[PDB]
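Trainee: Provided herewith is a single structure, encoded as structure tokens, for subsequent inquiry.
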Amino acid sequence: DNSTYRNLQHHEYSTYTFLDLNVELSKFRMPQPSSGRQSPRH
Amino acid sequence: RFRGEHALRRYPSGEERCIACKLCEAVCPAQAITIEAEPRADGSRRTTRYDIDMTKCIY
Amino acid sequence: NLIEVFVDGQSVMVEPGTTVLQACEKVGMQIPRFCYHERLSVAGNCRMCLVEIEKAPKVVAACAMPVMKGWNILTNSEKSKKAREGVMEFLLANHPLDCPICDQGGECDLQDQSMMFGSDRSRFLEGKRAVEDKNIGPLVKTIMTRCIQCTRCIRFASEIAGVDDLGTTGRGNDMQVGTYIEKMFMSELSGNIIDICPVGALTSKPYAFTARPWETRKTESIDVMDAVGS
Amino acid sequence: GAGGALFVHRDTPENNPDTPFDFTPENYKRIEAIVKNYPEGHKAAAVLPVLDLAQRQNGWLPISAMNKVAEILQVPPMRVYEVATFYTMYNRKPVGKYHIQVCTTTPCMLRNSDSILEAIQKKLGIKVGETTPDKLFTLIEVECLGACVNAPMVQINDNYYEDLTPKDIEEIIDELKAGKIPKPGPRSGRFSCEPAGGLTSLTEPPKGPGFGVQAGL
Amino acid sequence: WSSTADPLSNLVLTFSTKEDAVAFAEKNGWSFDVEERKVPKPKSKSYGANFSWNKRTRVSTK
Amino acid sequence: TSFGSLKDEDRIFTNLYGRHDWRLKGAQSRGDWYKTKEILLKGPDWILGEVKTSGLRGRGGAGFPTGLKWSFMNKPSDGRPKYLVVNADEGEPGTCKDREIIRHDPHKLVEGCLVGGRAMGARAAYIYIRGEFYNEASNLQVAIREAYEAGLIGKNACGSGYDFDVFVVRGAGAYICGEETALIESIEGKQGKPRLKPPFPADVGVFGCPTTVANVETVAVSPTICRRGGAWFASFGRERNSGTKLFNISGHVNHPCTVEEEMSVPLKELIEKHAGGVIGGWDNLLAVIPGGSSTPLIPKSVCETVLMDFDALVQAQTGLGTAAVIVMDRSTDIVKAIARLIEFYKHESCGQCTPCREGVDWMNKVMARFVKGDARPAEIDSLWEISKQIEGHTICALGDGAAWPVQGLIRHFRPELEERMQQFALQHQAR
Ligand SMILES: Cc1cc2nc3c(=O)[nH]c(=O)nc-3n(C[C@H](O)[C@H](O)[C@H](O)COP(=O)(O)O)c2cc1C
Ligand code: SF4
Ligand code: SF4
Ligand code: SF4
Ligand code: SF4
Ligand code: FES
Ligand code: FES
Ligand SMILES: [Mg+2]
């Protein structure tokens, strides 16, 4: 039970794994706060 | 160390050593040096006028 | 209401939010500075304005530190003098030996503040850094080996002139100021970077090599190119 | 030590504002996901993620890619250039297919990291700042990579190869050039940071939920 | 060289007060024009203003 | 009283070494995500009190009371969002503990983020992870997705009515961006140059909003302290140095590793027990860096009896730092090792301050001349003085941390520098 390395899921990640996961997570997020302007240059 | 007549020197290449920095004009006790400068055709900082009044110079 | 602070033991009544540098100015003491301009934002990166507070073990940046109630500012203390000497040592350690060929000449803040607040000798026994010269148009001449990375031109460009074409590229000792591309900084307010640059990194190109500051006589007139009457 | 890479841009036929670069539709979806991680009015916070995405798509960062990121995020191109030149994970120059990065800081230097570097240089026949003639491998030195206990180690395209010996790194390079992808991790029989001799801690099974919980909590 | 015929070309006098300068000019009989001293006005400087949440004072670079 | 011999039942970071499942099922098999709703219902003041009683100090460098920090954060709102920023830019040369925590205990990290955000009244937590830790960041994102799906974070987190978001932002290469204000500047898409204090991050942080920056280890041990006591945590360790610690023993040691131990375990015991001792035995020890590159070194004389502890190491003219123990045996070039450290700091200096920028480059050149002996004995005091000029005069603490290794080398190995200078002079004197 304490002899095998179980962190083997990471020998499959590709370049876009992190960003694809970020895309998948977008629906669970909450609305972002707004500073009232579109940009500090506005 | 003797101080006689003045001269403007050159580098071994023949280029003038003076870069028109006007330190001599500033330090001259007798106000005997007059200097005017401008960028040369190759962009060098060089003098166009360098006068010494040897009747005003205190050597 | 106004709070009370002390500069070298003398009482000053200053509004909250006033900085150490401004309080010393109020009592008449001008703290040395390179990156601080009162018309621009506060950077606090040259570390030339470090002063000692009475009980603080650490020096503070006078240009960016608001005064607290009952602070004693030791403007001529041993800690402040040594801090200024160290900062000036670093600046002159990497600066180039270009004073005779530099238009900043007798009107240079590095020279004047080195004669006033720095040491008279050099401990730097290494090689210096040489920086490639950028080109930003026909008005401003850039000799960027003399830059002290005070970022006044960046702040001025951005905030005052509304042009964000200047910045710092890279990091470390090899950090450079410029555009990163061959772009000309052309604006109706472009010579003011010549004015605010404390060193000879930015110099006037029409005025190049023509005169020295002590020679010139100053006549106070007004401008007639427009109806502002500058 | 001089870096050797200049922080000014000179227009070239392969690298100029007219160089074709634009994000794929999938990458635009990813950009849209990234941008809405930050408050409204602070869209400029996405400069690092979007620039990294552009480099991930294009292999490196041309000036056209930088200008495209600036255009998408409505941020000054000089601000994008500042970020790109500041951060060392961005490739502003074309790089090899495999970017070998040998860590040479003191914890990795105490173990024979110079042997690893020399083995790589002899195996590939390149210096420590050059690319192979077939544009397949690039070799550089880097600072601490966070695997100090697994020293010496290299990173090859965001994979850590750890506890290396010259033979191990030569085998890794051989697998890379043949076509296979070597498994990341230690090559010395370890699985992770645990001591090689044997587990000196965490030998018994972990305690269950609510083991030593407080009274009220 | 640059010539002159004006004796008072390089003459500059230093006074501690406007009243002293005016009295000197009046007793020596010259005409005079007085310019009121210009001092910079106090300014509100805030480092924290560089990082405003909703105001335009937020700087794009350091 | 003696310290050490921590028990596996009392080690906080189980699943270290990755021998168990790191997913939600495995994490919940251990104590993670247990009565988190009850903790949140207890609320901010109770969590702050528990942390203050536990006496936890900052685990990512400067050891500052985390209860006091989060109390600074606990002021009433004023119409701005509130953020917890979890620092995971583990750039310190010798430190891998944050990597292990992210890679094998991501749900512990996420639960700690939720607990700290509730304590500080924060709507969101940005986890700033360094860009080389790509696989670690991906594992973290997988754990966060599992938590969102299980309802542990997000809207009505843990069924408590508290909305809390967890984002993961990947940096690029910048040991300086590891710094708190540089971390904030990096998140905002800027260069990543430290700010001046004031304003403090609790007043103007990321996006100009109140933020608290906390280390991965600190936030990860937070929920275990809340669920357990904190009288327990204070029981582990000395009086003002309480709890457990992750030590990364590396360098000239037989079995380099990452271990968890008590806060006041003696250095010699730790090395001899968890790492197999120095390579040639304890007699072969030359020097130890006990807190990563920033902290000075100590000779074998100090290492003979010294406690791997904040105050204990400060009294030895050092610091605990990140508890990254780099061991150098007698068959090493100590001058060259310190020169490589100074070169590291030269490459990682952000260049904002004249002191750090110019002086760190200057010290790099002087050390490079020292390692070959191409110097004079009168340049040792000059180097000491310029390092003293850098320290305390810089915007951030990288300037201070670039001077302490130089000071430690000068303090404990000046005869070696002088002997090397003498040998070089003799080599040149021959011709
Ligand atoms: C991974 C990491 C890297 C750090 N790097 C630096 C650094 O380069 N320079 C510095 O002055 N402080 C550095 N620090 C310390 C931070 O300024 C700050 O103490 C820490 O991020 C949060 O404090 P705390 O966790 O002790 O509460 C680092 C901290 C962490 C966690
Ligand atoms: S201006 Fe005078 S001091 Fe300067 S270089 Fe020429 S001769 Fe020498
Ligand atoms: S900028 Fe000032 S100190 Fe530097 S070379 Fe020019 S005059 Fe001399
Ligand atoms: S060019 Fe001049 S104004 Fe700009 S950062 Fe350099 S010294 Fe300052
Ligand atoms: S001390 Fe160095 S790393 Fe820190 S802000 Fe100043 S220049 Fe940057
Ligand atoms: S004038 Fe204050 S740090 Fe520059
Ligand atoms: S010193 Fe090489 S990974 Fe840290
Ligand atoms: Mg100028």
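Following the order of the structure tokens, chains are lettered A, B, ..., residues in each are numbered from 1, and ligands are numbered from 1.
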Report the residues of chain B whose backbone DSSP state falls under strand (DSSP E or B), written as a list in words.

Mentor: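 DSSP on the backbone gives strand (DSSP E or B) at residues 10, 16, 33, 34, 35, 36, 37, 38, 39, 45, 46, 47, 48, 49, 50, 51 and 52 of chain B.
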
Trainee: Check every residue of chain C for an atom within 6 Å of chain D, counting only C-alpha atoms, and provide those that qualify as a list in words.

Mentor: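 The answer, sorted by residue number, is residues 165, 169, 170, 171, 180 and 181 of chain C.
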
Trainee: Which of these, D:40, D:71, D:163, D:32, has the shortest distance to chain E once you count only C-alpha atoms?

Mentor: D:40

Trainee: Taking only C-alpha atoms into account, what are the residues of chain E at most 8 Å from chain A, put as a PyMOL selection string?

Mentor: chain E and resi 53-58

Trainee: Next, dump the selected residues to file, keeping only C-alpha atoms, as a short mmCIF file (atom, residue, chain, number, x, y, z; two decimals), in the first residue's frame.

Mentor:
data_model
loop_
_atom_site.label_atom_id
_atom_site.label_comp_id
_atom_site.auth_asym_id
_atom_site.auth_seq_id
_atom_site.Cartn_x
_atom_site.Cartn_y
_atom_site.Cartn_z
CA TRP E 53 -8.63 49.86 -8.23
CA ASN E 54 -10.89 52.13 -10.29
CA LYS E 55 -9.04 55.41 -10.95
CA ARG E 56 -6.89 56.37 -13.93
CA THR E 57 -3.83 57.06 -11.75
CA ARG E 58 -2.88 53.37 -12.03
#

Trainee: Which is closer to chain C than all the others in F:196, F:398, F:286, F:206, using only C-alpha atoms?

Mentor: F:196

Trainee: Neighbours of ligand 4 at 9 Å or closer, counting only C-alpha atoms and all ligand atoms: which residues, as a ChimeraX atom specification?

Mentor: /C:34-35,142-144,146-156,166-168,176-178,193-202

Trainee: Step by step, measure atom-to-atom distances between ligand 5 and each residue using only C-alpha atoms and all ligand atoms, keep those at most 6 Å, then write them as a ChimeraX atom specification.

Mentor: /F:176,193-194,349-353,356-357,394-399

Trainee: Keeping only N, CA, C and O atoms, take the residues you just selected and write them out as a PDB file, in the first residue's frame.

Mentor:
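To be explicit, this is the file written out as result-v7.pdb:
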ATOM      1  N   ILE F 176      12.480  36.594  -8.614  1.00  0.00           N
ATOM      2  CA  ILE F 176      11.984  37.818  -8.004  1.00  0.00           C
ATOM      3  C   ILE F 176      10.463  37.826  -7.978  1.00  0.00           C
ATOM      4  O   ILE F 176       9.854  38.274  -7.002  1.00  0.00           O
ATOM      5  N   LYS F 193       8.074  43.604 -10.668  1.00  0.00           N
ATOM      6  CA  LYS F 193       9.017  44.368  -9.876  1.00  0.00           C
ATOM      7  C   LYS F 193       8.389  44.728  -8.543  1.00  0.00           C
ATOM      8  O   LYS F 193       7.267  45.246  -8.521  1.00  0.00           O
ATOM      9  N   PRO F 194       9.063  44.466  -7.425  1.00  0.00           N
ATOM     10  CA  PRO F 194       8.456  44.723  -6.118  1.00  0.00           C
ATOM     11  C   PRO F 194       8.057  46.176  -5.933  1.00  0.00           C
ATOM     12  O   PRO F 194       8.700  47.092  -6.444  1.00  0.00           O
ATOM     13  N   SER F 349      18.262  39.202 -10.173  1.00  0.00           N
ATOM     14  CA  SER F 349      17.945  40.566  -9.774  1.00  0.00           C
ATOM     15  C   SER F 349      17.053  41.219 -10.818  1.00  0.00           C
ATOM     16  O   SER F 349      17.288  41.092 -12.018  1.00  0.00           O
ATOM     17  N   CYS F 350      16.011  41.908 -10.361  1.00  0.00           N
ATOM     18  CA  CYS F 350      15.070  42.503 -11.301  1.00  0.00           C
ATOM     19  C   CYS F 350      15.546  43.842 -11.847  1.00  0.00           C
ATOM     20  O   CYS F 350      15.003  44.312 -12.850  1.00  0.00           O
ATOM     21  N   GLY F 351      16.551  44.454 -11.227  1.00  0.00           N
ATOM     22  CA  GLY F 351      17.169  45.650 -11.757  1.00  0.00           C
ATOM     23  C   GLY F 351      16.482  46.957 -11.446  1.00  0.00           C
ATOM     24  O   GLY F 351      16.823  47.969 -12.060  1.00  0.00           O
ATOM     25  N   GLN F 352      15.529  46.978 -10.519  1.00  0.00           N
ATOM     26  CA  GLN F 352      14.801  48.210 -10.232  1.00  0.00           C
ATOM     27  C   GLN F 352      15.636  49.177  -9.398  1.00  0.00           C
ATOM     28  O   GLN F 352      15.691  50.373  -9.694  1.00  0.00           O
ATOM     29  N   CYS F 353      16.294  48.680  -8.355  1.00  0.00           N
ATOM     30  CA  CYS F 353      17.073  49.515  -7.451  1.00  0.00           C
ATOM     31  C   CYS F 353      18.515  49.602  -7.913  1.00  0.00           C
ATOM     32  O   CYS F 353      19.107  48.600  -8.323  1.00  0.00           O
ATOM     33  N   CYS F 356      20.806  47.104  -5.392  1.00  0.00           N
ATOM     34  CA  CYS F 356      20.827  45.696  -5.766  1.00  0.00           C
ATOM     35  C   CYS F 356      21.371  45.506  -7.168  1.00  0.00           C
ATOM     36  O   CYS F 356      22.307  44.735  -7.367  1.00  0.00           O
ATOM     37  N   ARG F 357      20.851  46.247  -8.140  1.00  0.00           N
ATOM     38  CA  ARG F 357      21.293  46.086  -9.519  1.00  0.00           C
ATOM     39  C   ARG F 357      22.813  46.196  -9.635  1.00  0.00           C
ATOM     40  O   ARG F 357      23.516  45.184  -9.837  1.00  0.00           O
ATOM     41  N   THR F 394      17.609  48.527  -0.235  1.00  0.00           N
ATOM     42  CA  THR F 394      16.943  48.035  -1.425  1.00  0.00           C
ATOM     43  C   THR F 394      15.441  47.998  -1.197  1.00  0.00           C
ATOM     44  O   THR F 394      14.969  47.968  -0.060  1.00  0.00           O
ATOM     45  N   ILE F 395      14.688  48.011  -2.296  1.00  0.00           N
ATOM     46  CA  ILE F 395      13.232  48.023  -2.196  1.00  0.00           C
ATOM     47  C   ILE F 395      12.733  46.744  -1.540  1.00  0.00           C
ATOM     48  O   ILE F 395      11.872  46.774  -0.654  1.00  0.00           O
ATOM     49  N   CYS F 396      13.263  45.606  -1.958  1.00  0.00           N
ATOM     50  CA  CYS F 396      12.841  44.311  -1.454  1.00  0.00           C
ATOM     51  C   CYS F 396      14.019  43.617  -0.782  1.00  0.00           C
ATOM     52  O   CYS F 396      15.091  44.194  -0.602  1.00  0.00           O
ATOM     53  N   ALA F 397      13.801  42.367  -0.394  1.00  0.00           N
ATOM     54  CA  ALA F 397      14.765  41.618   0.394  1.00  0.00           C
ATOM     55  C   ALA F 397      15.699  40.752  -0.438  1.00  0.00           C
ATOM     56  O   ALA F 397      16.504  40.021   0.140  1.00  0.00           O
ATOM     57  N   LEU F 398      15.615  40.793  -1.769  1.00  0.00           N
ATOM     58  CA  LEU F 398      16.605  40.088  -2.577  1.00  0.00           C
ATOM     59  C   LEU F 398      17.972  40.748  -2.460  1.00  0.00           C
ATOM     60  O   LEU F 398      19.001  40.069  -2.522  1.00  0.00           O
ATOM     61  N   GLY F 399      18.004  42.069  -2.296  1.00  0.00           N
ATOM     62  CA  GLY F 399      19.267  42.738  -2.041  1.00  0.00           C
ATOM     63  C   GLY F 399      19.879  42.342  -0.713  1.00  0.00           C
ATOM     64  O   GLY F 399      21.092  42.161  -0.609  1.00  0.00           O
TER      65      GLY F 399
END

Trainee: Do you know which residues are at most 10 Å from residue 177 (chain F) counting only C-alpha atoms, after dropping those on the same chain fewer than 3 positions away, and could you put them as a list in words?

Mentor: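 Non-adjacent residues within range: residues 87 of chain D; 87, 89, 90, 91, 128, 130, 171, 172, 173, 174, 180, 181, 182, 183, 184, 185, 186, 187, 191, 192, 193, 194, 348 and 350 of chain F.
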
Trainee: Could you write those residues out with C-alpha atoms, as a short mmCIF file (atom, residue, chain, number, x, y, z; two decimals), in the first residue's frame?

Mentor:
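Written file, result32.cif:
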data_model
loop_
_atom_site.label_atom_id
_atom_site.label_comp_id
_atom_site.auth_asym_id
_atom_site.auth_seq_id
_atom_site.Cartn_x
_atom_site.Cartn_y
_atom_site.Cartn_z
CA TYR D 87 10.49 36.83 -18.30
CA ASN F 87 2.68 31.87 -3.28
CA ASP F 89 6.97 30.37 -7.04
CA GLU F 90 9.46 28.15 -5.27
CA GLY F 91 12.53 29.79 -6.76
CA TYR F 128 0.54 31.81 -8.27
CA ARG F 130 5.89 29.04 -11.13
CA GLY F 171 4.14 32.63 -13.89
CA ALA F 172 7.23 32.57 -16.02
CA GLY F 173 10.83 32.43 -14.87
CA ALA F 174 11.40 35.00 -12.12
CA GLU F 180 5.04 39.04 -2.58
CA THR F 181 4.70 42.47 -4.19
CA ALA F 182 6.46 41.18 -7.30
CA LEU F 183 3.96 38.31 -7.24
CA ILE F 184 1.15 40.87 -7.18
CA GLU F 185 2.68 42.86 -10.05
CA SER F 186 3.14 39.66 -12.07
CA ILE F 187 -0.52 38.71 -11.59
CA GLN F 191 6.97 43.11 -15.27
CA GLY F 192 7.05 41.74 -11.75
CA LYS F 193 9.02 44.37 -9.88
CA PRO F 194 8.46 44.72 -6.12
CA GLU F 348 17.67 36.92 -10.87
CA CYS F 350 15.07 42.50 -11.30
#

Trainee: For chain E, which residue out of D:111, D:191, D:42, D:181 is the nearest one, using only C-alpha atoms?

Mentor: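 Between D:111, D:191, D:42, D:181, the residue approaching chain E most closely is D:42.
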
Trainee: Could you pull out the residues sitting within 9 Å of ligand 7, using only C-alpha atoms and all ligand atoms, and write them as number ranges by chain?

Mentor: D: 102-109, 113, 142-154; F: 91-96

Trainee: Those residues you just picked out, can you put them in a file as a PDB file, in the first residue's frame with N, CA and C atoms?

Mentor:
ATOM      1  N   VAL D 102      19.732  22.609 -18.384  1.00  0.00           N
ATOM      2  CA  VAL D 102      20.472  21.969 -17.303  1.00  0.00           C
ATOM      3  C   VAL D 102      20.604  22.956 -16.153  1.00  0.00           C
ATOM      4  N   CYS D 103      20.129  22.569 -14.975  1.00  0.00           N
ATOM      5  CA  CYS D 103      20.242  23.433 -13.809  1.00  0.00           C
ATOM      6  C   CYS D 103      21.659  23.369 -13.259  1.00  0.00           C
ATOM      7  N   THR D 104      22.279  24.535 -13.069  1.00  0.00           N
ATOM      8  CA  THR D 104      23.678  24.580 -12.659  1.00  0.00           C
ATOM      9  C   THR D 104      23.900  25.362 -11.369  1.00  0.00           C
ATOM     10  N   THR D 105      22.873  25.541 -10.548  1.00  0.00           N
ATOM     11  CA  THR D 105      23.069  26.279  -9.313  1.00  0.00           C
ATOM     12  C   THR D 105      23.730  25.381  -8.269  1.00  0.00           C
ATOM     13  N   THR D 106      24.062  25.972  -7.120  1.00  0.00           N
ATOM     14  CA  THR D 106      24.926  25.300  -6.150  1.00  0.00           C
ATOM     15  C   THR D 106      24.392  23.955  -5.670  1.00  0.00           C
ATOM     16  N   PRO D 107      23.123  23.805  -5.268  1.00  0.00           N
ATOM     17  CA  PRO D 107      22.673  22.464  -4.855  1.00  0.00           C
ATOM     18  C   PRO D 107      22.811  21.421  -5.946  1.00  0.00           C
ATOM     19  N   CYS D 108      22.589  21.801  -7.204  1.00  0.00           N
ATOM     20  CA  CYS D 108      22.811  20.894  -8.320  1.00  0.00           C
ATOM     21  C   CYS D 108      24.264  20.846  -8.748  1.00  0.00           C
ATOM     22  N   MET D 109      25.037  21.891  -8.454  1.00  0.00           N
ATOM     23  CA  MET D 109      26.460  21.895  -8.769  1.00  0.00           C
ATOM     24  C   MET D 109      27.251  20.993  -7.836  1.00  0.00           C
ATOM     25  N   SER D 113      26.776  18.030 -11.755  1.00  0.00           N
ATOM     26  CA  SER D 113      26.003  18.595 -12.857  1.00  0.00           C
ATOM     27  C   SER D 113      26.870  18.917 -14.065  1.00  0.00           C
ATOM     28  N   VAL D 142      20.395  26.816 -16.707  1.00  0.00           N
ATOM     29  CA  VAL D 142      19.365  27.544 -15.980  1.00  0.00           C
ATOM     30  C   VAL D 142      19.675  27.511 -14.489  1.00  0.00           C
ATOM     31  N   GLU D 143      18.937  28.335 -13.752  1.00  0.00           N
ATOM     32  CA  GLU D 143      19.037  28.435 -12.307  1.00  0.00           C
ATOM     33  C   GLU D 143      18.154  27.366 -11.671  1.00  0.00           C
ATOM     34  N   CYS D 144      17.930  27.467 -10.364  1.00  0.00           N
ATOM     35  CA  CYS D 144      17.231  26.417  -9.640  1.00  0.00           C
ATOM     36  C   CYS D 144      15.859  26.148 -10.242  1.00  0.00           C
ATOM     37  N   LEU D 145      15.566  24.869 -10.473  1.00  0.00           N
ATOM     38  CA  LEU D 145      14.309  24.438 -11.067  1.00  0.00           C
ATOM     39  C   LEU D 145      13.381  23.767 -10.065  1.00  0.00           C
ATOM     40  N   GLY D 146      13.704  23.810  -8.777  1.00  0.00           N
ATOM     41  CA  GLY D 146      12.821  23.275  -7.764  1.00  0.00           C
ATOM     42  C   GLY D 146      12.904  21.784  -7.538  1.00  0.00           C
ATOM     43  N   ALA D 147      13.920  21.114  -8.074  1.00  0.00           N
ATOM     44  CA  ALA D 147      14.121  19.693  -7.820  1.00  0.00           C
ATOM     45  C   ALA D 147      15.486  19.449  -7.194  1.00  0.00           C
ATOM     46  N   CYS D 148      15.841  20.251  -6.189  1.00  0.00           N
ATOM     47  CA  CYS D 148      17.207  20.252  -5.676  1.00  0.00           C
ATOM     48  C   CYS D 148      17.581  18.919  -5.044  1.00  0.00           C
ATOM     49  N   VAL D 149      16.650  18.283  -4.329  1.00  0.00           N
ATOM     50  CA  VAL D 149      16.950  16.988  -3.729  1.00  0.00           C
ATOM     51  C   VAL D 149      17.134  15.914  -4.787  1.00  0.00           C
ATOM     52  N   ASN D 150      16.602  16.123  -5.989  1.00  0.00           N
ATOM     53  CA  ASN D 150      16.748  15.185  -7.092  1.00  0.00           C
ATOM     54  C   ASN D 150      17.855  15.597  -8.054  1.00  0.00           C
ATOM     55  N   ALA D 151      18.889  16.251  -7.550  1.00  0.00           N
ATOM     56  CA  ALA D 151      19.990  16.739  -8.357  1.00  0.00           C
ATOM     57  C   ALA D 151      20.946  15.608  -8.726  1.00  0.00           C
ATOM     58  N   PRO D 152      21.586  15.688  -9.900  1.00  0.00           N
ATOM     59  CA  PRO D 152      21.418  16.692 -10.954  1.00  0.00           C
ATOM     60  C   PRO D 152      20.175  16.416 -11.784  1.00  0.00           C
ATOM     61  N   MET D 153      19.629  17.424 -12.455  1.00  0.00           N
ATOM     62  CA  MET D 153      18.398  17.247 -13.204  1.00  0.00           C
ATOM     63  C   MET D 153      18.386  18.206 -14.383  1.00  0.00           C
ATOM     64  N   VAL D 154      17.575  17.872 -15.386  1.00  0.00           N
ATOM     65  CA  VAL D 154      17.348  18.735 -16.535  1.00  0.00           C
ATOM     66  C   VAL D 154      15.849  18.811 -16.786  1.00  0.00           C
TER      67      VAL D 154
ATOM     68  N   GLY F  91      11.277  29.553  -6.074  1.00  0.00           N
ATOM     69  CA  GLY F  91      12.528  29.787  -6.756  1.00  0.00           C
ATOM     70  C   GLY F  91      13.765  29.679  -5.907  1.00  0.00           C
ATOM     71  N   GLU F  92      13.610  29.511  -4.603  1.00  0.00           N
ATOM     72  CA  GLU F  92      14.757  29.501  -3.707  1.00  0.00           C
ATOM     73  C   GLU F  92      15.640  28.292  -3.989  1.00  0.00           C
ATOM     74  N   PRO F  93      16.946  28.478  -4.131  1.00  0.00           N
ATOM     75  CA  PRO F  93      17.830  27.358  -4.469  1.00  0.00           C
ATOM     76  C   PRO F  93      18.060  26.406  -3.311  1.00  0.00           C
ATOM     77  N   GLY F  94      17.231  25.374  -3.220  1.00  0.00           N
ATOM     78  CA  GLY F  94      17.349  24.379  -2.177  1.00  0.00           C
ATOM     79  C   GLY F  94      15.991  23.899  -1.716  1.00  0.00           C
ATOM     80  N   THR F  95      14.940  24.566  -2.180  1.00  0.00           N
ATOM     81  CA  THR F  95      13.584  24.351  -1.696  1.00  0.00           C
ATOM     82  C   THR F  95      12.759  23.614  -2.743  1.00  0.00           C
ATOM     83  N   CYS F  96      12.111  22.522  -2.320  1.00  0.00           N
ATOM     84  CA  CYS F  96      11.213  21.734  -3.156  1.00  0.00           C
ATOM     85  C   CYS F  96       9.931  21.350  -2.426  1.00  0.00           C
TER      86      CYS F  96
END

Trainee: Counting only C-alpha atoms, which residues of chain F sit at most 8 Å from some atom of chain A, and what is each one's closest atom pair with its distance in Å to one decimal, listed by chain and rising residue number, as JSON lines?

Mentor:
{"residue": "F:18", "atom": "CA", "partner": "A:5", "partner_atom": "CA", "distance": 5.8}
{"residue": "F:19", "atom": "CA", "partner": "A:5", "partner_atom": "CA", "distance": 5.0}
{"residue": "F:20", "atom": "CA", "partner": "A:6", "partner_atom": "CA", "distance": 5.9}
{"residue": "F:21", "atom": "CA", "partner": "A:6", "partner_atom": "CA", "distance": 5.8}
{"residue": "F:22", "atom": "CA", "partner": "A:7", "partner_atom": "CA", "distance": 7.3}
{"residue": "F:81", "atom": "CA", "partner": "A:33", "partner_atom": "CA", "distance": 7.2}
{"residue": "F:104", "atom": "CA", "partner": "A:7", "partner_atom": "CA", "distance": 7.5}
{"residue": "F:134", "atom": "CA", "partner": "A:18", "partner_atom": "CA", "distance": 7.9}
{"residue": "F:135", "atom": "CA", "partner": "A:10", "partner_atom": "CA", "distance": 6.2}
{"residue": "F:137", "atom": "CA", "partner": "A:18", "partner_atom": "CA", "distance": 7.2}
{"residue": "F:138", "atom": "CA", "partner": "A:18", "partner_atom": "CA", "distance": 5.3}
{"residue": "F:139", "atom": "CA", "partner": "A:10", "partner_atom": "CA", "distance": 7.5}
{"residue": "F:141", "atom": "CA", "partner": "A:21", "partner_atom": "CA", "distance": 6.6}
{"residue": "F:142", "atom": "CA", "partner": "A:21", "partner_atom": "CA", "distance": 7.3}
{"residue": "F:145", "atom": "CA", "partner": "A:25", "partner_atom": "CA", "distance": 6.4}
{"residue": "F:148", "atom": "CA", "partner": "A:28", "partner_atom": "CA", "distance": 6.6}
{"residue": "F:154", "atom": "CA", "partner": "A:29", "partner_atom": "CA", "distance": 6.5}
{"residue": "F:155", "atom": "CA", "partner": "A:30", "partner_atom": "CA", "distance": 7.1}
{"residue": "F:163", "atom": "CA", "partner": "A:30", "partner_atom": "CA", "distance": 7.9}
{"residue": "F:165", "atom": "CA", "partner": "A:29", "partner_atom": "CA", "distance": 6.5}

Trainee: Got a sec to check which residues lie within 8 Å of ligand 3, using only C-alpha atoms and all ligand atoms, and send them as a list in words?

Mentor: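 Listed by chain and ascending number, the contacts are residues 92, 95, 96, 97, 98, 99, 100, 101, 102, 103, 104, 105, 106, 107, 108, 109, 110, 111, 146, 147, 198, 199, 200 and 201 of chain C.
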
Trainee: Just to be explicit: take each residue in the selection above, keep C-alpha atoms, and write the result as a compact mmCIF listing (two decimals), in the first residue's frame.

Mentor:
# COMPACT_ATOMS: atom_id res chain seq x y z
CA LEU C 92 29.26 56.23 -10.53
CA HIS C 95 28.69 55.38 -15.22
CA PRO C 96 31.03 56.15 -18.17
CA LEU C 97 33.92 58.61 -18.16
CA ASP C 98 32.26 60.96 -20.65
CA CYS C 99 32.05 64.29 -18.81
CA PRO C 100 34.18 66.35 -21.26
CA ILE C 101 32.20 65.05 -24.27
CA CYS C 102 28.81 65.30 -22.52
CA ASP C 103 26.41 68.17 -23.12
CA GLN C 104 25.12 67.80 -19.56
CA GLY C 105 28.51 69.19 -18.56
CA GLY C 106 28.19 71.79 -15.84
CA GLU C 107 24.44 71.25 -15.39
CA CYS C 108 24.45 67.58 -14.37
CA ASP C 109 22.75 66.34 -11.21
CA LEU C 110 25.04 63.31 -11.04
CA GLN C 111 28.05 65.63 -10.93
CA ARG C 146 24.97 57.37 -19.33
CA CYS C 147 21.46 56.32 -18.31
CA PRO C 198 19.09 64.08 -14.89
CA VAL C 199 22.05 62.79 -16.91
CA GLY C 200 23.34 63.13 -20.45
CA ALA C 201 21.50 60.05 -21.67
